[PDB]
Amino acid sequence: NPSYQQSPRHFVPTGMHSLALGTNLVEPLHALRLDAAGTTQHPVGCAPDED
Amino acid sequence: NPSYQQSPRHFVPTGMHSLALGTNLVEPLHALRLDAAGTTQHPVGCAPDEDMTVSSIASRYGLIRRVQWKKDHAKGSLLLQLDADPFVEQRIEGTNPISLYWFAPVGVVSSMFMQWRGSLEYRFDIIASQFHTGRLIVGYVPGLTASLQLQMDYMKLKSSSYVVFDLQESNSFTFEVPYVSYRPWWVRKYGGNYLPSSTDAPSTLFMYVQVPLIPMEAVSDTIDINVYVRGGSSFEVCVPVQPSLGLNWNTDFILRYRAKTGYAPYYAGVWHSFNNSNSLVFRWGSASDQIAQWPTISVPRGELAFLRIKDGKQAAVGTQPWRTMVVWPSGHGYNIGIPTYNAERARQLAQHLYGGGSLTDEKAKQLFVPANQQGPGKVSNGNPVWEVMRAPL
Amino acid sequence: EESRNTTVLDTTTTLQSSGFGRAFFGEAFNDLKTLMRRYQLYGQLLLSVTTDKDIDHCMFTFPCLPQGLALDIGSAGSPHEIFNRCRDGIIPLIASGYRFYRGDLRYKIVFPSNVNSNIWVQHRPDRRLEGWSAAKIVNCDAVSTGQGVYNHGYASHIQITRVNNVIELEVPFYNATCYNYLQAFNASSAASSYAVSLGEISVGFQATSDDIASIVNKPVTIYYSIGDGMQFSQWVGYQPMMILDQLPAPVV
Amino acid sequence: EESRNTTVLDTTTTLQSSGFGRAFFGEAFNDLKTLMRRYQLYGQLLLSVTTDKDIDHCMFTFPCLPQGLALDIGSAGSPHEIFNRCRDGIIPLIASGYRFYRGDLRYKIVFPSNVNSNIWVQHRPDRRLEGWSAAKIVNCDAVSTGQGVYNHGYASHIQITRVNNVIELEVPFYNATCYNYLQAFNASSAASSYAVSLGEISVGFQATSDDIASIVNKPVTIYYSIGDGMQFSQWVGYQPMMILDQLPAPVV
Amino acid sequence: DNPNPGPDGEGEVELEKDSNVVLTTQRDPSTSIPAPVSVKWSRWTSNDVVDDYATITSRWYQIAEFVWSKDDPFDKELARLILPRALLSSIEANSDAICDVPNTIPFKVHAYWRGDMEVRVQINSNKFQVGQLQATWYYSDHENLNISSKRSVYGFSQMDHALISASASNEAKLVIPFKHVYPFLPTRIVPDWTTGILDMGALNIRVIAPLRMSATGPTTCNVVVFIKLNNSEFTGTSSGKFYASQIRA
């Protein structure tokens, strides 16, 4: 057990993420799922036809 | 010592981790161990043998039914009809107000999950000698409503899928149940005490008598048939919900006048806002304005009400158990409970107040219990029930 | 026979394509999913406590569906001015032009400030949606069935108001269907009621009777994005619209 | 002679395996340990202070065992509505279908909000469990032995309520046994009492007599997951269950 | 498929020859194994001379015989034996000491024990009799207070068990390994262990199908249970006068 004696970080806090941005970020959430790597699927005939 | 002058990070705080996720994350904790790299071990004979696996639980047969099949059962008499689901019940004939049930392990492990699909396997063990001769259909009709549970014979059964079994020398078989629905999964039979979530079976299993029993004169005329259930090789469940079954370890249910919740236990003490600390009033604590609050009794014009505790042993205690009281607005936005020496005084105080009087009237003040009767100021036993005593006024 | 062209009588020349604003503004507004992942108000309510609540009682309940709730204009005395003035948002206006959906949703719930109490949020994907009536935020006023009670097995999360009074969660797709309906739902059968919303979110406080007095008439707002893997799969044309600056002004 | 098959009379065809929902929902619900690592309510209590407490006195105590406590329905006047209505959770319902366990547990304790005082939590793996009675959350009302006092050598942690009023800890396996019992425990010997729970968690406040008045009747909830390296090692069938929507409704 | 009985009877005897005791079965045994084969554990908690006595402890010896009649209902227990206690209590029920049987003389002199078990439950029923019994093993019966609601054939069918049909007159073999919280069971009164001495759980034989027959059929049948201690190990050599008799039950 060594002692970490270097200087720590020095942030700014905010209470909410990007409420408007939606394209090129990775928004962290408390997903109410069981698997953290799990997403939704479309197999195989219930696929999207209209983009 | 250089100075770090670049721009720092810009987060969002939350107070708790994933309360539901459990598979592919690394949950940080304050482990109450001594070594940070230390985990638990299993050396070497106390190793796990049974993996916690839903396909290993549902692959185990559970006895759900016994059926008497007799000699005098005619050609086509019904032995059993049941539901093609893991939720098959066997009621215990107990004297409890809530009844217990036997389930297959597939039904217990499917009660925790919302949706199921796949084949079921019903093992029929027909306890007979090699001198009993019979023949029966284990049939299977795709989706039937409640009004189609009747109008059923062995002849409408043979339109759907069915299996005819002969009993000569092999006294056991296994019928694998098809899974026929309009839906890939199937929502479970019972909800978490939400009665508008009830759903019946996808389909219905029957067992009629195709050829009646011919026993020899040296053997019995009745035959037991055991029905075992396990979820087959294609059975699977997905979405975890609140399980629709409970244990029988504490088989005690509570059906829904006392203090408002939280304002008990209480003791009779004093308050500067009730007759300038000179009279007893129920308090739920010793600190600033910790005064017990009480529900409003519904009282029509022409009546009064006061309270008499049902069990005096549960009462708050001063120089005596406080078994009687009147409840009245405090003037501070809630009702207070004012103990009296006895029912006669309580009735006289209620008469005064429901008669139009005020807590500051001398007639009311003289019916309160004085502060010098506080004694030990013992609290009530929990939040006990009082009888609402009503009278014409 | 819809997008046909018999004779195109072009009197024009070539117009320079900006790439949906990527040339001017550094961003292409072509993918409509990028627009729908912007948060938009699912609803708002004032908390009201009628009966004495336990720790287990849920404070309010609402079904979670992407095409937006029954549009709560509010009372005639005190109307909700967002849904009254500028009627509805972008996401249900897009979702009106489709029939079916499949995928997740994202909910961001903002709680009042001066409250401190620890808040639980459960998602129950068991509650079928019975008609477009009572497809709204419902104040739980009594507990008869297992609806009011914090249940065990559901996907839950507890937000600490002392740290931060906003919760950001992702509701997954848990219906046993190919799709769900994406219009104002009309209940015909019982199985069709299972396939309207994703589930049913219940939010409850762990406060007692003394601390719940500071919570009455405080606003709770609910915002939602569209998530990802969220696909609309049948083109339906739009219904009759209404023009917003044609609405009358509150004259004095 | 349990999982045998004399004659399998298959009238079916091949059904497409979804992989326990991994095809539809992107996740396989086959590993039951993944389900049991979801948190579930170990219990809840209202804090009550009878006698004057020192800084060293523990506020409440409870044994730490995976098969769930003696099911506290509450008082007849004020019942705990979670354990009364929807009787028991997922994790003890699974643990009823086994006999032995070995491994760690995970406890998440949520404290009230308006309290500020610094909270200590000790784990004492010394307390043998004497019968299924008093296997519950025990309000420490007096200090006679070394039970009420914050002791020295145990694994302890102090949570700062001013920073965050929730503690997340991992109780390790410290019994000198191969396993422990995983049913409603019946005390026969003295050595069998050492092998029911992992240990005994005591939670205490450092408040004085003036600040403890704001803590009375405030709720404390305790949640638990199953941890990892947690193995159930003997198959026992299930006991008689009870159906929950068959319970009576509180009619008016 | 071609029967030809002679003076012998056209059978095929299966033999279990275990240390000068031979058991014969006409039928095939219906086995059920609850847990996999245990390991020896003299390494971790013993320094005394640890030795089995396989010539005298891996023998067969009857522990119960009883009469299954047609006057028994559906769900009714016939036997409930706490097997390590039931061996000693079956000897003491024959009104003698424990040092008169070679199977149990190391239990008189040692303190602790660990070993696996082999249980043979043999029925002698007529071919025309109709009925069926369970042979269910449960580890540590007394350490569960809700077992009084558990003892039924509905619950015991869910864990693995052995079925005995009265028509075929078959046999139930039960390979019971050592599975307990502590890796040793004390044979006598030992520190902080005063009750439940040498108890590992209950083998309980109940009825599924009650015994059915004609009006003049043979009313009863007999069931005998034999036990074997094969992978034993005895540690803690002590005086035999410290040992006391088992609880009667």
# chains A, B, ... in the order shown; residues from 1 in each chain; ligands from 1
call {"tool": "interface_residues", "arguments": {"of": "chain C", "to": "chain D", "cutoff": "7 Å", "atoms": "only C-alpha atoms", "output": "NGL selection string"}}
result
:C and (56 or 116-118 or 144-146 or 149-153 or 162-163)
call {"tool": "write_last_selection", "arguments": {"atoms": "N, CA and C atoms", "output": "PDB file, in the first residue's frame"}}
result
ATOM      1  N   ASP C  56     -43.624   2.610   0.511  1.00  0.00           N
ATOM      2  CA  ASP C  56     -43.793   1.730  -0.640  1.00  0.00           C
ATOM      3  C   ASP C  56     -44.716   2.327  -1.692  1.00  0.00           C
ATOM      4  N   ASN C 116     -35.475  16.805  -0.759  1.00  0.00           N
ATOM      5  CA  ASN C 116     -34.202  16.123  -0.582  1.00  0.00           C
ATOM      6  C   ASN C 116     -34.342  14.616  -0.719  1.00  0.00           C
ATOM      7  N   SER C 117     -35.575  14.109  -0.692  1.00  0.00           N
ATOM      8  CA  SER C 117     -35.833  12.697  -0.436  1.00  0.00           C
ATOM      9  C   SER C 117     -35.369  11.812  -1.588  1.00  0.00           C
ATOM     10  N   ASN C 118     -35.005  10.583  -1.243  1.00  0.00           N
ATOM     11  CA  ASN C 118     -34.445   9.642  -2.200  1.00  0.00           C
ATOM     12  C   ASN C 118     -35.573   9.058  -3.038  1.00  0.00           C
ATOM     13  N   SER C 144     -54.887  -0.288  -3.982  1.00  0.00           N
ATOM     14  CA  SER C 144     -55.736  -1.471  -3.848  1.00  0.00           C
ATOM     15  C   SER C 144     -54.995  -2.721  -4.314  1.00  0.00           C
ATOM     16  N   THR C 145     -54.531  -2.712  -5.555  1.00  0.00           N
ATOM     17  CA  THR C 145     -53.807  -3.822  -6.149  1.00  0.00           C
ATOM     18  C   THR C 145     -52.308  -3.641  -5.899  1.00  0.00           C
ATOM     19  N   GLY C 146     -51.483  -4.410  -6.606  1.00  0.00           N
ATOM     20  CA  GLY C 146     -50.042  -4.255  -6.561  1.00  0.00           C
ATOM     21  C   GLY C 146     -49.479  -3.135  -7.407  1.00  0.00           C
ATOM     22  N   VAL C 149     -47.586  -0.213  -5.016  1.00  0.00           N
ATOM     23  CA  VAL C 149     -46.471  -0.697  -4.211  1.00  0.00           C
ATOM     24  C   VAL C 149     -45.216  -0.817  -5.069  1.00  0.00           C
ATOM     25  N   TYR C 150     -44.075  -0.385  -4.526  1.00  0.00           N
ATOM     26  CA  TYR C 150     -42.760  -0.722  -5.062  1.00  0.00           C
ATOM     27  C   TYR C 150     -42.621  -2.237  -5.117  1.00  0.00           C
ATOM     28  N   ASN C 151     -42.532  -2.793  -6.319  1.00  0.00           N
ATOM     29  CA  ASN C 151     -42.446  -4.238  -6.430  1.00  0.00           C
ATOM     30  C   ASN C 151     -40.985  -4.677  -6.495  1.00  0.00           C
ATOM     31  N   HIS C 152     -40.772  -5.991  -6.479  1.00  0.00           N
ATOM     32  CA  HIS C 152     -39.425  -6.531  -6.347  1.00  0.00           C
ATOM     33  C   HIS C 152     -38.677  -6.618  -7.672  1.00  0.00           C
ATOM     34  N   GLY C 153     -39.184  -7.416  -8.604  1.00  0.00           N
ATOM     35  CA  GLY C 153     -38.399  -7.909  -9.714  1.00  0.00           C
ATOM     36  C   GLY C 153     -38.212  -6.994 -10.900  1.00  0.00           C
ATOM     37  N   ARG C 162     -30.124  14.582  -2.960  1.00  0.00           N
ATOM     38  CA  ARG C 162     -29.053  15.346  -2.334  1.00  0.00           C
ATOM     39  C   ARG C 162     -27.835  15.495  -3.238  1.00  0.00           C
ATOM     40  N   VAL C 163     -27.569  14.513  -4.099  1.00  0.00           N
ATOM     41  CA  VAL C 163     -26.484  14.613  -5.066  1.00  0.00           C
ATOM     42  C   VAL C 163     -26.972  15.355  -6.299  1.00  0.00           C
TER      43      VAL C 163
END
call {"tool": "interface_residues", "arguments": {"of": "chain A", "to": "chain D", "cutoff": "8 Å", "atoms": "only C-alpha atoms", "output": "PyMOL selection string"}}
result
chain A and resi 34-35+38-43
call {"tool": "write_last_selection", "arguments": {"atoms": "C-alpha atoms", "output": "CSV table (one decimal), in the first residue's frame"}}
result
chain,number,residue,atom,x,y,z
A,34,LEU,CA,-30.0,-6.5,-17.4
A,35,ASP,CA,-27.0,-6.7,-19.8
A,38,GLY,CA,-27.2,-5.4,-24.8
A,39,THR,CA,-29.0,-3.3,-27.4
A,40,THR,CA,-32.2,-3.8,-29.4
A,41,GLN,CA,-32.4,-6.0,-32.4
A,42,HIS,CA,-34.5,-6.4,-35.6
A,43,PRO,CA,-34.5,-10.1,-36.6
call {"tool": "atom_distance", "arguments": {"atom1": "atom CA of residue 240 of chain E", "atom2": "atom CA of residue 88 of chain E"}}
result
14.6 Å
call {"tool": "atom_distance", "arguments": {"atom1": "atom CA of residue 134 of chain D", "atom2": "atom CA of residue 233 of chain D"}}
result
26.5 Å
call {"tool": "atom_distance", "arguments": {"atom1": "atom CA of residue 123 of chain E", "atom2": "atom CA of residue 151 of chain E"}}
result
21.7 Å
call {"tool": "interface_residues", "arguments": {"of": "chain E", "to": "chain D", "cutoff": "7 Å", "atoms": "only C-alpha atoms", "output": "ChimeraX atom specification"}}
result
/E:30-32,142-146,150,155-156,158-163,181-183,192-196
call {"tool": "write_last_selection", "arguments": {"atoms": "C-alpha atoms", "output": "short mmCIF file (atom, residue, chain, number, x, y, z; two decimals), in the first residue's frame"}}
result
data_model
loop_
_atom_site.label_atom_id
_atom_site.label_comp_id
_atom_site.auth_asym_id
_atom_site.auth_seq_id
_atom_site.Cartn_x
_atom_site.Cartn_y
_atom_site.Cartn_z
CA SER E 30 -33.16 -47.70 -10.48
CA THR E 31 -30.26 -45.48 -9.43
CA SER E 32 -30.25 -41.81 -8.49
CA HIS E 142 -33.31 -31.01 10.87
CA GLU E 143 -31.71 -27.69 9.88
CA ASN E 144 -34.89 -26.57 8.03
CA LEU E 145 -37.96 -25.78 10.12
CA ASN E 146 -40.35 -25.59 7.15
CA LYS E 150 -42.00 -30.03 2.52
CA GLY E 155 -41.94 -31.70 -3.46
CA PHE E 156 -39.67 -34.74 -3.39
CA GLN E 158 -38.62 -32.09 -7.92
CA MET E 159 -35.25 -33.12 -6.52
CA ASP E 160 -33.89 -36.39 -7.84
CA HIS E 161 -35.18 -39.61 -6.32
CA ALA E 162 -35.58 -43.34 -6.95
CA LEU E 163 -38.89 -44.89 -7.96
CA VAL E 181 -21.58 -27.79 6.00
CA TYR E 182 -18.74 -29.15 8.11
CA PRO E 183 -16.39 -31.69 6.50
CA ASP E 192 -20.18 -26.82 20.94
CA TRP E 193 -22.09 -29.70 19.30
CA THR E 194 -24.49 -31.34 21.76
CA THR E 195 -27.56 -32.28 19.69
CA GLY E 196 -28.02 -33.64 16.19
#
call {"tool": "interface_residues", "arguments": {"of": "chain B", "to": "chain C", "cutoff": "6 Å", "atoms": "only C-alpha atoms", "output": "list in words"}}
result
residues 14, 15, 19, 20, 185, 193, 194, 241 and 242 of chain B
call {"tool": "interface_residues", "arguments": {"of": "chain E", "to": "chain B", "cutoff": "8 Å", "atoms": "only C-alpha atoms", "output": "number ranges by chain"}}
result
E: 35-36, 38-39, 127-132, 146, 153-155, 157-159, 165, 167-168, 209, 212-214, 216-217
call {"tool": "closest_atom_pairs", "arguments": {"of": "chain B", "to": "chain A", "cutoff": "9 Å", "atoms": "only C-alpha atoms", "output": "tab-separated table"}}
result
residue	atom	partner	partner_atom	distance
B:7	CA	A:11	CA	8.1
B:8	CA	A:11	CA	4.8
B:9	CA	A:11	CA	5.0
B:10	CA	A:12	CA	5.2
B:11	CA	A:13	CA	5.6
B:12	CA	A:15	CA	5.1
B:13	CA	A:15	CA	6.4
B:14	CA	A:15	CA	8.8
B:17	CA	A:30	CA	7.8
B:18	CA	A:30	CA	6.1
B:19	CA	A:32	CA	8.4
B:20	CA	A:34	CA	6.0
B:21	CA	A:34	CA	4.3
B:22	CA	A:34	CA	5.8
B:23	CA	A:35	CA	5.2
B:24	CA	A:36	CA	5.2
B:25	CA	A:36	CA	6.3
B:240	CA	A:34	CA	8.8
call {"tool": "residues_around", "arguments": {"residues": "residue 55 of chain E", "least_positions_apart": "4", "cutoff": "9 Å", "atoms": "only C-alpha atoms", "output": "VMD selection string"}}
result
chain E and resid 18 to 20 59
call {"tool": "select_by_dssp", "arguments": {"residues": "segment 3-249 of chain D", "states": "alpha helix (DSSP H)", "output": "ChimeraX atom specification"}}
result
/D:22-25,32-36,81-85,90-95
call {"tool": "write_last_selection", "arguments": {"atoms": "N, CA, C and O atoms", "output": "short mmCIF file (atom, residue, chain, number, x, y, z; two decimals), in the first residue's frame"}}
result
data_model
loop_
_atom_site.label_atom_id
_atom_site.label_comp_id
_atom_site.auth_asym_id
_atom_site.auth_seq_id
_atom_site.Cartn_x
_atom_site.Cartn_y
_atom_site.Cartn_z
N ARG D 22 -31.67 -13.53 -26.61
CA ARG D 22 -30.53 -12.84 -27.20
C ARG D 22 -30.80 -12.44 -28.64
O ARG D 22 -30.30 -11.41 -29.11
N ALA D 23 -31.62 -13.22 -29.36
CA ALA D 23 -31.99 -12.86 -30.72
C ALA D 23 -32.88 -11.63 -30.75
O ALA D 23 -32.62 -10.70 -31.52
N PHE D 24 -33.92 -11.60 -29.92
CA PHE D 24 -34.86 -10.48 -29.89
C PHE D 24 -34.33 -9.28 -29.12
O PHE D 24 -34.38 -8.15 -29.62
N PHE D 25 -33.81 -9.49 -27.91
CA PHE D 25 -33.56 -8.40 -26.99
C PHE D 25 -32.08 -8.12 -26.78
O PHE D 25 -31.73 -7.27 -25.96
N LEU D 32 -28.49 -17.62 -14.41
CA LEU D 32 -29.36 -17.11 -13.36
C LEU D 32 -28.60 -16.21 -12.40
O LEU D 32 -29.21 -15.38 -11.72
N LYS D 33 -27.28 -16.37 -12.34
CA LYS D 33 -26.41 -15.46 -11.59
C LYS D 33 -26.49 -14.03 -12.10
O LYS D 33 -26.37 -13.10 -11.29
N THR D 34 -26.67 -13.83 -13.40
CA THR D 34 -26.92 -12.51 -13.97
C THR D 34 -28.20 -11.89 -13.45
O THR D 34 -28.25 -10.68 -13.22
N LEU D 35 -29.25 -12.70 -13.26
CA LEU D 35 -30.47 -12.21 -12.64
C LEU D 35 -30.26 -11.89 -11.17
O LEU D 35 -30.76 -10.87 -10.68
N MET D 36 -29.51 -12.73 -10.46
CA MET D 36 -29.39 -12.54 -9.02
C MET D 36 -28.45 -11.41 -8.63
O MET D 36 -28.45 -11.00 -7.46
N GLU D 81 -45.86 -2.34 3.37
CA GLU D 81 -46.71 -2.70 2.24
C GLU D 81 -45.96 -3.46 1.15
O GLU D 81 -46.59 -4.08 0.30
N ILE D 82 -44.62 -3.41 1.14
CA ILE D 82 -43.90 -4.17 0.13
C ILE D 82 -43.90 -5.66 0.47
O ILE D 82 -44.22 -6.50 -0.37
N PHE D 83 -43.60 -6.01 1.72
CA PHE D 83 -43.55 -7.41 2.11
C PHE D 83 -44.93 -7.99 2.37
O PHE D 83 -45.08 -9.21 2.41
N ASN D 84 -45.94 -7.13 2.54
CA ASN D 84 -47.30 -7.61 2.74
C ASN D 84 -47.97 -7.93 1.41
O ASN D 84 -48.61 -8.98 1.25
N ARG D 85 -47.84 -7.03 0.43
CA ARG D 85 -48.58 -7.16 -0.82
C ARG D 85 -47.90 -8.15 -1.76
O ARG D 85 -48.45 -9.20 -2.09
N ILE D 90 -37.02 -11.96 -5.79
CA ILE D 90 -36.51 -12.98 -6.71
C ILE D 90 -35.43 -13.83 -6.07
O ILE D 90 -35.50 -15.06 -6.11
N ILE D 91 -34.42 -13.19 -5.49
CA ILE D 91 -33.23 -13.84 -4.92
C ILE D 91 -33.56 -14.86 -3.83
O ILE D 91 -33.05 -15.99 -3.92
N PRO D 92 -34.40 -14.59 -2.81
CA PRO D 92 -34.74 -15.68 -1.89
C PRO D 92 -35.66 -16.72 -2.50
O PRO D 92 -35.65 -17.87 -2.04
N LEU D 93 -36.43 -16.37 -3.53
CA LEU D 93 -37.25 -17.36 -4.21
C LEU D 93 -36.38 -18.35 -4.98
O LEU D 93 -36.71 -19.54 -5.07
N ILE D 94 -35.26 -17.88 -5.53
CA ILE D 94 -34.29 -18.79 -6.14
C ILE D 94 -33.57 -19.59 -5.07
O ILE D 94 -33.40 -20.81 -5.18
N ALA D 95 -33.15 -18.92 -3.99
CA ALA D 95 -32.39 -19.55 -2.92
C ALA D 95 -33.21 -20.57 -2.13
O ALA D 95 -32.62 -21.40 -1.43
#
call {"tool": "select_by_dssp", "arguments": {"residues": "segment 47-164 of chain B", "states": "strand (DSSP E)", "output": "PyMOL selection string"}}
result
chain B and resi 62-70+80-83+90-91+100-102+115-117+120-127+133-142+161-164
call {"tool": "residues_around", "arguments": {"residues": "residue 141 of chain C", "least_positions_apart": "4", "cutoff": "10 Å", "atoms": "only C-alpha atoms", "output": "JSON, numbers by chain"}}
result
{"C": [48, 49, 50, 51, 52, 53, 57, 58, 59, 60, 148]}
